[PDB]
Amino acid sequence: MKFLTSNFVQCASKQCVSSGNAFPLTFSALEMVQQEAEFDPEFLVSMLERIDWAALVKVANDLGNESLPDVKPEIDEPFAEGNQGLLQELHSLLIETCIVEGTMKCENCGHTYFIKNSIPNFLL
């Protein structure tokens, strides 16, 4: 359960989905891990165009992180020296930090789903 995945996951309740309340789920983590992954600035910058940046910040907040740009970074040079600090730090968060145990609460239906080693489960 990479942090990134949080941005691609929502409550499965037909009502929260019907009423635009499914996304995003609010996250807590009883446990976490860092797992080494190859660094790809180009892929990171591409991802920025598939990410809901608002939701990305929230989930980082819920997991206790304010180290994250207010809005979507505008990068055109993935290999530029100037963006390497911010990109490395994005790789660190989005790709390398995994939740192993934690919950995912929907704030519209009330339900709380579980992440356990390290699979999120979205069943009633």
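Numbering starts at 1 and follows the sequence shown.
Trainee: Averaging CA B factors per stretch from the PDB record, which one is higher: 95-103 or 46-54?
Mentor: Mean C-alpha B-factor is greater for 95-103.
Trainee: Report the stretch with the higher mean CA temperature factor, choosing between 83-91 and 61-69 on the basis of the entry.
Mentor: Higher of the two, by average CA B-factor, is 61-69.
Trainee: Based on the entry's values, in what third of the chain does the Cα temperature factor of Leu124 lie: lowest, middle or highest?
Mentor: Its C-alpha B-factor belongs to the highest third of this chain's values.
Trainee: Classify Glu36 as lowest, middle or highest third according to the C-alpha B-factor given in the PDB entry, relative to its own chain.
Mentor: Tercile = highest for this residue's CA B-factor.
Trainee: Grab the CA temperature factor for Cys16 from the record and place it in the lowest, middle or highest third of its chain.
Mentor: Tercile = highest for this residue's CA B-factor.
Trainee: Is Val9 in the lowest, middle or highest third of its chain when residues are ranked by C-alpha B-factor?
Mentor: For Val9, the deposited C-alpha B-factor lands in the lowest third.
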